[PDB]
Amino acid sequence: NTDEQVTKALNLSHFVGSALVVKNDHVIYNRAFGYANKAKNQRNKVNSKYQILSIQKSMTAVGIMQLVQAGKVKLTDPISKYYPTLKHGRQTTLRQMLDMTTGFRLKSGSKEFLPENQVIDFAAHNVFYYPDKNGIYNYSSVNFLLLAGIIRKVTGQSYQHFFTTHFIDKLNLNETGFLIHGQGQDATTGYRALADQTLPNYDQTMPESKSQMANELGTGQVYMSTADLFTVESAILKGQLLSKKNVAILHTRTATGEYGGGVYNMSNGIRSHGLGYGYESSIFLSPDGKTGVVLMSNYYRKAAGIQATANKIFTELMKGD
């Protein structure tokens, strides 16, 4: 039985968070573990809200490809079309930004709590360009912040507004929003772990400021339940937000990396992973969007990482075990 096997693996790995497994469009596992907030004696629930972290980049990527489908941008466009003040790397294409094949990097945003337009301005003013990284896979979050700025510039909407109408409203997500406004009901607290810690003790929480949340524009500012994250990623692969032809164009790997169009592309599906602020998020999904695994945790432990567990579940699920 799948329930028995997955529960055993999650308990032996000391999982804290919510787990969802879907096979051929049917939920076969949906269970929560540990505490959303230990001091308040609030257990994690299947509908608890967790940080999606870098998995948000897959959504920013779809937003760019929606603009391509609508004739409003092209993947061959150079970044300098939208950021004319850049002094270097001006030829970098939107394609490369989506694939993490650029030389742009920004290790920190402003220490102030800024509105979106000023977060974009700060990044454009302060980003650095490494020519030796151009054209080769290297993970750099600023690419997706700058892509969120392109969404804003082309549409005349905030990224938050665009995300809300294109994902939250479109797919009737009821456990999704922006951390900066509060999670609301069924919220979770992120816990800080020691490097070698495997057992949860809830002895320290992980802080995150409004500045840090604003600076995650396009890149890791959203909370979701496991169900809402599955819904978004499956809807993308099913053609509900973007033609399947354009999903395939977007989700194309490069010569130097599986990453392309905001996800890692494999022979048997896609994967995305997030880590930050005490959280870890993991999705593996089949090419048709009908079979996959979502694990989200508010208690990240390097010595008990959840991606390896999700990878094992996914591999077995795709075989038939």
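In case it trips you up, residue 1 is the first one in the sequence shown, and so on.
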Practice task
Would you determine, from the values in the PDB entry, which of 126-134 and 216-224 has the greater average C-alpha temperature factor?
Solution key: 126-134
Exercise for the section: Identify the stretch, either 4-12 or 312-320, whose C-alpha atoms have the larger mean B-factor according to the entry. Expected result: 312-320
Problem - Per the PDB entry, maximal CA B factor within 94, 250, 206, 179 - result: 206
Handout entry: Top Cα B factor in the deposited entry, candidates 115, 239, 149, 156
Key = 156
Problem - Third assignment of residue 167 from its chain's C-alpha B-factors - result: lowest
Completion exercise
Split the chain's modelled residues into thirds by Cα B-factor; residue 63 lands in the lowest
Problem - Assigned third (lowest, middle, highest) for the C-alpha B factor of residue 143 - result: middle
Practice task
State the tercile, meaning the lowest, middle or highest third, of residue 31 with respect to the CA B-factors recorded for its chain.
Solution key: lowest
Completion exercise
Assert third(CA B-factor, residue 38) within chain per record equals highest
